Each structure stands twice: as structure tokens, then as C-alpha cells.
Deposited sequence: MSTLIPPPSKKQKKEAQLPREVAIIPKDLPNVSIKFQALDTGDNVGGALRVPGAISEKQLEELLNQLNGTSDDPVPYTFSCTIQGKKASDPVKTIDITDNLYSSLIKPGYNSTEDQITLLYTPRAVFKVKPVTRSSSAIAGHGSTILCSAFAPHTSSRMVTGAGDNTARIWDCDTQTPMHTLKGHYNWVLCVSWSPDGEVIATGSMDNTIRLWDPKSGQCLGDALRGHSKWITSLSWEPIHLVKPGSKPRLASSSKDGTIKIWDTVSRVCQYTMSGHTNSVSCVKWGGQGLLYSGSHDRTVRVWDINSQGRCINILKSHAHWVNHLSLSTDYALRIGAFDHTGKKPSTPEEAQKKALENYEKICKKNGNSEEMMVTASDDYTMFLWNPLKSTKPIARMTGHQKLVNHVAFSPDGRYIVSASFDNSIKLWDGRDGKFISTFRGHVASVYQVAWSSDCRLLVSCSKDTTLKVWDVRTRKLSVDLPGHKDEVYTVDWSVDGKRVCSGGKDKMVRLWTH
């Protein structure tokens, strides 16, 4: 007996024919919808791997088109790659290729790696304190590093050369970096860089003319994080218990102060920021032929995720150290749409899925909770870690989620089945960073053991 159900969710009815050829199963499913459209079929949904399945001891058959891209779950680990002098604090794949990756460690250096050969490629020297955040520009041309020495440095990913002098201005350490989205950038020009500091300011940097355009001081305390949205609006969170909204088309004018939080705002993420990070690029790796094509492609990829109701809504999630999270639709209302709660310990990372469909939150209660990205409803808790969870990373197809932890392991989860997919140990100590490449081919992790691990399917 066999039943047909899509990976989406739809059941489409009940049939029993004896053990058949795989090619026939398409033809049958095709024959129903009169597509006569290739297909791949799934079953045992751990397991998750597809009469040979009856040589292994009724059946539901999960079907999905071949033309639809699907990221394979990471399974194995290369040999650990040495280079950094102390613990690794941040990591980020390039938006246009899975052959490049950058890390930031407490040895005052950032490193660019060749993921194809698992070798060190460049060492970025110039900061006189810890590198706290690394972020590729959405066109993949420039790397920026925010440091504990209060400065920002721009690097060339290909040559490893620092682009002139550091960006100076902040009087305390850098808390976050956020590049201007490609679809808002005038064709032929480059994306500007927003940075937040513990000094309580947000600066907007012109990386080309090499000049600071605006300084958004307004928060009365340290600024925790900033995010450059696709409407020409920036959203910042701060220890003044406030979420502020700055209009870049009005010289950084504050158009809204959100006071619903009762405690320090620690994390702030948008539903569109996975899209914003990679601009015109996707899982294929195909490059735009012209800057004008890049702007159109970036807009197309952006409007695809935000414009659902015929209008553009980017949702916002903010977290505080009362463990409480909020969901916003800032364009629509200045009051929280929903109040997410349940975490018993501090939330360390919050991220929407690339389609904005889900919200996942990593905590120090050794758990990861899955939330609905449109109304903020609780769905499930990912249990399996024994120690605190530091960071998570989404797959491009929004189907898989990898998470690193203090428990010396990484775990990848199947968000469709809401369960553990594969548990991969490897490191010798705590792991602080994880990232998943756009093509889904490679996963990188780095932590206390000063070493980089590259994970593949």
C-alpha cells in the first residue's frame, strides 16, 4: 500500500500495487495530474534516506520535483584546519561562492580560507584587539571586520590587502555590522556600511569616498545591534530598552522609538536579512552580467520574500535578557504583533528562515525553539544538546538547520519533521560559530580549539 504526499504537506489517493520500478511511480503520480514532469520520492519520514526499503526490515511516499533545489544534510568532517592563535569568534561564507570563508579570532586577526582545498589563504592583520564580527559585502567584493579596538577595516577578499586605513570614529567596541542592500544601491555604486558600537552610536560609512556620512546617536545607552532593511530604514536595539527606526532618506532621522521592551534589547533580526545579505546571488552561483542586472535581480529576490500580500512587509524579531522575544510589523504598527516566551535562559541568537516562514532561537537552556515567522506562534523545541547553544544557521531552502554548542558538537535539524537529522561530533572544545553556504554544499564551525572545521554532505 502506498500514499502520495508532497514535501509541502498536501496528501494527493490510497493505492496498493505490488513492488514497482521507480520510473513508474512518476508516471503514476503524473497520470493523476495529467502532467503527461519528473519526480523524486522519499520515505521513512532520523532515517530520511530513500522494494529495497523492504529488504531492510503501509508506506507514505513523499514526492518532490527534480527542478526544485534541495540542500543535502551535512554528514562528514574534513581534518581540522589550523591557523588562528586563539579562540574563533565569528565566521561567514561568501555570498557568491562556497569556496571562500572568513573567520575572526581573539588573536586580533581575520583569515580568509580556501574551502575547496581546506587551506589557509590569507591572514588579515591590522587590528590591535579581538575581531568580533566579520561580514561580506552583499556583492562579495569587500570584507569588513568590526573589532574590539573600536575600529572597522575593509579588506580585499582576493588579494588579502587592507583597503587603506581603518574606519575610525567609535569610542567603544563594535557590536554589529550591516551592509546596505544591493537592490537599494544605485547601479555602478557600492553598498554603504552601517555599524553599531557599545558607545551608543550608529555610523554610516561610504566605503568608496572613504567618509562617515551620518552618526545616529539617540539611544541613551550602548547599542546592541543594527540592521539595514530593504525600505531604506535601519532598525537598532539597545540597552536603553528601546528599538529605534532611522530613515536613511532623511539623513538618519529617527521616525520611531519602540518602548515596549522592559529590559536590555540584545538581538534584532529581520525576515528579509538572509536575502539582503546575498543580494543578487543564489544557490546556483550565477553572477549578474551588469550592475543594472544585479539591482534588478536583487530586487526580484527581495520582493519575492517580502511582498506576499501585494505589499512589502518585513517582519522584525527582538530579544531581551528577560528571555522575552517580540514580533513586529514596523511599517504597519508600532506595537508588538506577538510576544514570544518560553525560554528559561538567555537567548543568544535569533534568525528568520530565508523565506521568512520560520523563526528559530538559540538559548543557554541548551535548547532551540522554532516559531512561526508570521504570527509568532510556538511550534516546537529542538532538544538534544547537553550544553548551551551559541549559534544556528539556516539552509538556503529553509529545510535544514545546523547549530553549534558548548557541548563540543554540532547538530543539524530537519525543520519539516521538527527532529534531529544528524549529530556530528568532531571539535575538542566549545564551538561558537556556524555558517551554511548558499549552495548548501559546505558548513563551517569554529570555537575554542582555535581550529576551523569544514563540514560537507
**Prompt:** Which deposited-sequence positions, grouped into ranges, are missing C-alpha coordinates?
**Reply:** 1 to 32, 45 to 47, 72 to 74, 84 to 86, 92 to 101, 109 to 115
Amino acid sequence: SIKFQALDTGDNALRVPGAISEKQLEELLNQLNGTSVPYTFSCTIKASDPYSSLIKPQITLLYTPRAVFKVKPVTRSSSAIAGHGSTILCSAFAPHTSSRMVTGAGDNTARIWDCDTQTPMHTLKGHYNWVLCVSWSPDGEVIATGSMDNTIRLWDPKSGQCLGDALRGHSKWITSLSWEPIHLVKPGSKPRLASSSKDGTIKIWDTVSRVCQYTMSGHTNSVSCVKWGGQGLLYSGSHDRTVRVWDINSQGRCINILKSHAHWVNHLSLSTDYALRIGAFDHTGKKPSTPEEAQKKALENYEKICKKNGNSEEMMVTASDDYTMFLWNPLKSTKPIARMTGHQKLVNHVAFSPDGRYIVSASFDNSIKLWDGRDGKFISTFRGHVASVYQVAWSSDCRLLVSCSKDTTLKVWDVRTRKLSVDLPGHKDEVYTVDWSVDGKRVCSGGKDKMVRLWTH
From here on, numbers count along this sequence of modelled residues.
**Asked** 72 to 80 versus 370 to 378: which one carries the higher mean Cα B factor per the record?
**Response** 72 to 80
**Complete:** Higher avg CA temperature factor (414 to 422 vs 387 to 395, as deposited) belongs to 414 to 422
**Request:** From the list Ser171, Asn301, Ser159, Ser289, select the residue with the highest C-alpha B factor recorded in the entry.
**Result:** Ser289
**Request:** Sort the modelled residues of this chain by their C-alpha B factor and say whether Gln213 lands in the lowest, middle or highest third.
**Result:** middle
**Message:** Quick check for you: using the entry's CA B-factors within this chain, is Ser260 in the lowest, middle or highest third?
**Reply:** lowest
**Request:** Sorting the chain's modelled residues by C-alpha B-factor, tell me whether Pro187 ends up in the lowest, middle or highest third.
**Result:** middle
**Request:** Sort the modelled residues of this chain by their C-alpha B factor and say whether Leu331 lands in the lowest, middle or highest third.
**Result:** highest
**Asked** Which third, lowest, middle or highest, does the CA B-factor of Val226 fall in along this chain?
**Response** lowest
